[PDB]
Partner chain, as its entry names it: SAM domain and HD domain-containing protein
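For reference, the chain that follows is the form deposited without its partner chain, supplied as structure tokens.
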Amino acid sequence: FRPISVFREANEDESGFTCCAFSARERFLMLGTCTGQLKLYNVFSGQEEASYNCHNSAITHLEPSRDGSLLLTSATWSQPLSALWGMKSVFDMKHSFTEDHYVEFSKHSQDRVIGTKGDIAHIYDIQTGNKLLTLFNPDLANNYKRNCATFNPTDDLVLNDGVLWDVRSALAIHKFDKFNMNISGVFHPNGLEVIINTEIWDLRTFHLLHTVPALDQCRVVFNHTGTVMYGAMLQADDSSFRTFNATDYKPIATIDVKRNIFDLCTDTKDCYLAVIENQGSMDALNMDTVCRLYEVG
């Protein structure tokens, strides 16, 4: 991991970056802040290019659409808690998701949003903002304290609270047992496997393929090709980022950056990893984060 850039928040005695993602214009990173600002930075020069107030509480999460026309945000204690913003021409609010603490785009065709409210997943039409679908069954719930509902790559399955759902029928196919209190899990990009904390399950059989103890409590991100997997413990859930070969799950690196981690993300070309680190302790009067960019390839 070769350091390529470092940069804080401009003109802030206390730098308050909390999350990050690559924009559709490579060279430029979008960051959320502890004051609910969305900022655009040149990721090499550290130059702040634009700023908008999205929320009156901290940003926890953001996701740009691929086509560069839309942005999803989630805040901490704001009503509404999550929103969808338009970025074509002018920056403006399209829809709000009143109590959803987390939101993502669909994957294969980006025409829907999936939101989470405690144990319950909500699917929404992007163009109308309607709720199309509520996925919740009280007799299959795991009650994961960090539950984050997510589409599979083809947009026809959802994982919510450790339960696999088939969208077209709105039927629960399978409930994976509970083995931790917090983490509800993600689809592998290959479409064949699910990662729920330290368990990797096959979607053919529901048989355990791998135990990866090092993944305990970790959020997970993939490079664009789906061949490398990064994991870290995140602040929004509460210094070691791990990297794994995404086919066999054997470790490639264990970095200790010496600093608690707020977020990590990949570019579309498998070239860069961007990480938000705090230089402060948690017991400090104030936050002091940096964004670090690493060459990987």
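Numbering follows the first chain given and starts at 1.
For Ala24, the fraction of other compared entries lacking coordinates, among those that model flanking residues, is zero, nowhere near a third. Checked against the other entries of this protein, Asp256 counts as resolved in every one of those spanning it, not missing from a third of them. In the deposited entry, the stretch joining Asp256 to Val257 is continuous, with no residue of the deposited sequence left without coordinates. Stretches 285 to 293 and 16 to 24 differ in mean CA B factor, with 285 to 293 having the higher one. Looking at mean Cα B-factors across 240 to 248 and 262 to 270, the upper value is held by 240 to 248.
Highest C-alpha temperature factor among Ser169, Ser78, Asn180, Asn152 per the entry: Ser169. You'll see in the entry that, of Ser74, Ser184, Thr116, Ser89, the Cα B factor peaks at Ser89. Split the chain's modelled residues into thirds by C-alpha temperature factor. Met229 is in the middle one. Annotation for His108: CA B-factor lies in the highest third of the chain's modelled residues. Among all modelled residues in this chain, the alpha-carbon of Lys94 has a temperature factor (C-alpha) in the middle third. Sorting the modelled residues of the chain by their CA temperature factor places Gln235 in the highest third.
The PDB entry assigns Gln127 a C-alpha temperature factor belonging to the highest third of its chain's modelled residues.
Keep in mind that the form deposited with its partner chain bound is missing from the display, and what follows is about it.
Contact here is defined as any heavy atom lying within 4.5 Å of its partner chain in the deposited complex, and by that definition each of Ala10, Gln37 and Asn53 is a contact residue. Proximity of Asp139 to its partner chain in the deposited complex falls outside the 4.5 Å heavy atom cutoff. Put simply, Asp177 is far from its partner chain in the deposited complex: not one heavy atom of it is within 4.5 Å.
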